[PDB]
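Structural overview
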Amino acid sequence: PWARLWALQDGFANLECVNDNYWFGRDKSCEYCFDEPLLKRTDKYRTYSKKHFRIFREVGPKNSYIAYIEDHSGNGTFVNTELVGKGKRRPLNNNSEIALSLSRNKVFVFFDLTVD
Amino acid sequence: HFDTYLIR
């Protein structure tokens, strides 16, 4: 497990990053599916996309693993407040806070288990 | 799945 996701809101589960790639979204074809019943009643759930974002680890140019967050949502995926932007991707460092739809709507904290 | 409520 190279990384772990800590859920900061009810309705979401924690996640241990084992595989090289994870999709987060309402769609059922997502490794991480926003579907906890409790959550489907919160209205914010309605602003999350079918395919909201993904987290993956990839061998970069320097021949070393690198973590990335790639945004695919309609309302936005934010890292430490900053919009990633639809279709765009960005490296994901340890202690990064992930917010959905609204830049302050924290949902996850990303912990890089590579230094640990 | 339902279409996403766009907040803008």
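Residues numbered from 1 in each chain as written, not as in the entry; some residues may be left out. Chains lettered and ligands numbered in written order. Heavy atoms only, no water. Residues with missing side-chain atoms left out of burial classes, pairs and counts.

Header annotation of the entry names X-ray crystallography as the structure determination method and lists the resolution as 2.70 Å.

The PDB entry annotates chain A as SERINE/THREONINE-PROTEIN KINASE CHK2 of Homo sapiens. Here the PDB entry title reads "FHA domain from human Chk2 kinase in complex with a synthetic phosphopeptide".

1. Here we look at the environment of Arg-4 of chain A
Residues and elements named next belong to chain A. Let me state the cut-off plainly: Where helices and strands are cited, they refer to DSSP runs of H or I of at least four residues and of E of at least two residues respectively, numbered from the N terminus. Relative accessibility decides the category of a residue: with a 1.4 Å probe and only protein chains considered, values under 20% of the type maximum give buried, values over 50% give exposed, and everything between is partly exposed. In what follows, residue pairs with any heavy atoms lying within 4.5 Å of each other are defined as contacts.
Mapped onto the elements of the fold, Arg-4 is located in strand β1 (residues 3–7). A residue is classified by how much of its surface remains accessible, and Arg-4, at 36% relative accessible area, is partly exposed. Apart from the residues within four sequence positions on either side, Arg-4 is in contact with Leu-15, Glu-16, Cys-17, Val-109, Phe-110, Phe-111 and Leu-113.

2. What to know about the sheet that holds strand β8 (residues 82–83) of chain A
Strand pairs in the sheet, formed through backbone hydrogen bonds, run parallel or antiparallel to each other. Residues and elements named next belong to chain A. Rule in force here: Pairing between strands requires that DSSP locate at least two bridges from one strand to the other.
Spatially, β2-β1-β11-β10-β7-β8 is the arrangement adopted by the 6 strands of the open sheet, whose pairing is antiparallel. Looking along the sheet, the strands with just one partner apiece sit at the ends: β2 (15–17) and β8. Two strands pair when backbone bridges link them, and β1 and β2 are joined in this way by 3 bridges, in the antiparallel orientation. Bridging across to β2, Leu-5 finds its partner in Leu-15.

3. Topic: the interface of chain A and chain B
Under the convention used in this document: Buried area is understood as the total, over both parts, of accessible area removed when two parts are fitted together, assessed with a 1.4 Å probe. We define a salt bridge as a contact between a side-chain nitrogen of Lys or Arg and a carboxyl oxygen of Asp or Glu at a distance within 4 Å. Whenever two N or O atoms come within 3.5 Å, that pair is a polar contact, provided that in protein one can donate a hydrogen and the other can accept it, and provided that, for residues adjacent in sequence, both atoms are side-chain atoms.
In this complex, chain A contributes 14 residues to the contact, which on the side of chain B involves 8 residues. Buried area between chain A and chain B, summed over both chains or domains, comes out near 970 Å², and the portion from carbon and sulfur atoms is 54%. Summed over the three residues of chain A that lose the most area to chain B, namely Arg-26, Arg-46 and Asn-75 of chain A, the buried surface amounts to 52% of that side. Linking chain A with chain B are 0 salt bridges. Our count for the chain A to chain B interface comes out at 8 residue pairs in polar contact.

4. Points about the sheet that holds strand β6 (residues 65–71) of chain A
Residues and elements named next belong to chain A. If you trace the 5 strands from one edge of the open sheet to the other, you get β4-β3-β5-β6-β9, paired in mixed fashion. At either end of the open sheet lies a strand with only one pairing partner, and these are β4 (32–33) and β9 (89–91). Pairing between strand β3 (residues 21–25) and β4: 2 bridges, direction parallel. In the sheet register, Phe-24 faces β4, and the bridge partner there is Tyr-32.

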